[PDB]
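Structural overview for review
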Amino acid sequence: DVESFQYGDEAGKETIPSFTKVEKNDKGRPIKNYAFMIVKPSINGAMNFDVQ
Amino acid sequence: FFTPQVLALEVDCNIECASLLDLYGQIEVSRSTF
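The record lists its title as "Structure of neck with portal vertex of capsid of Agrobacterium phage Milano".

You'll find chain A entered in the PDB entry as Portal protein, gp7, with Agrobacterium phage Milano given as the organism.

Further remarks concern the state of the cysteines. Residue and element names in this part refer to chain B. Here the structure, examined in full by the defined rule, presents zero disulfides over all chains. A disulfide-free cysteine, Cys 13 has its sulfur positioned 17 Å from the sulfur of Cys 17, the nearest such atom. Given a relative accessible area of 79%, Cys 13 falls into the exposed group. Take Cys 17: its relative accessible area is 82%, and that puts it in the exposed class.

All names here are of chain A. Counting through the fold element by element, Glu 14 comes out in the loop between strand 1 (4-5) and strand 2 (16-17). Exposure remark for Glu 14: the relative accessible area of 36% places this residue in the partly exposed category. Through-space distance from the C-alpha of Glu 14 to that of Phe 36 is 15 Å; in sequence the pair is 22 residues apart. In contact with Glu 14, other than residues within four places in its own chain, are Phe 5 and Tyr 7.

The next thing to look at is the packing of aromatic side chains. All names here are of chain A. Under the defined criterion, the tally for this structure stands at two aromatic pairs over all chains. Between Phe 19 and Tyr 34 the ring centres are 5.3 Å apart and the planes differ by 65°, which places this aromatic pair in the edge-to-face class. Linking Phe 19 in the segment after strand 2 with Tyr 34 in the segment after strand 2, this pair joins segments that are 15 residues apart in sequence. Classification of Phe 19 as partly exposed rests on a relative accessible area of 43%. With centroids separated by 5.9 Å and ring planes inclined at 45°, the aromatic side chains of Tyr 34 and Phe 36 adopt a geometry described as tilted.

This part covers unusual backbone geometry. Although it is not a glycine, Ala46(A) adopts a positive phi angle of roughly 50°. Along the polypeptide, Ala46(A) turns up in the segment after strand 2. Classification of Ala46(A) by relative accessible area gives partly exposed; the value is 27%. The backbone of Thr33(B) sits at a positive phi, close to 60°, despite the residue not being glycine.

Scoring rules and cut-offs
Residues numbered from 1 in each chain as written, not as in the entry; some residues may be left out. Chains lettered and ligands numbered in written order. Part of a larger assembly, values for the part shown. Heavy atoms only, no water. Disulfide = S-S within 2.5 Å. Buried < 20%, exposed > 50% of the residue type's maximum accessible area, 1.4 Å probe, protein only. Helix = DSSP H or I, 4+ residues; strand = E, 2+ residues; numbered from the N terminus. Contact = heavy atoms within 4.5 Å. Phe/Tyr/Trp six-rings, centres within 6.5 Å; stacked < 30°, edge-to-face > 60°.

Laid out in C-alpha cells, this is it:
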C-alpha cells in the first residue's frame, strides 16, 4: 500500500502521510495531518497500481 | 567439520561526493521540448 504523498517538485515536499501509517490516538483516530486518495477500481485489481 | 561463526557486519568503504541538487531550481516538466 501507499504510506505518504508527495505534492510538488522542489519547494513543496510535504510528505503528508497516508491514513494507514499515521500517529493514532488511543482510540484509533489519528492526531497529525493525512490524505485520502480515493480510487476507482478497475480490471485485474491492482488497487492502487492499476490504470485509471 | 568446523563451521565458522558468520558474524553480521558488512564494511562498505565507498564515498559519494555531494548532492548539489537542492540549490538548483527544480520544475516538474512534461512531454519533451518545453
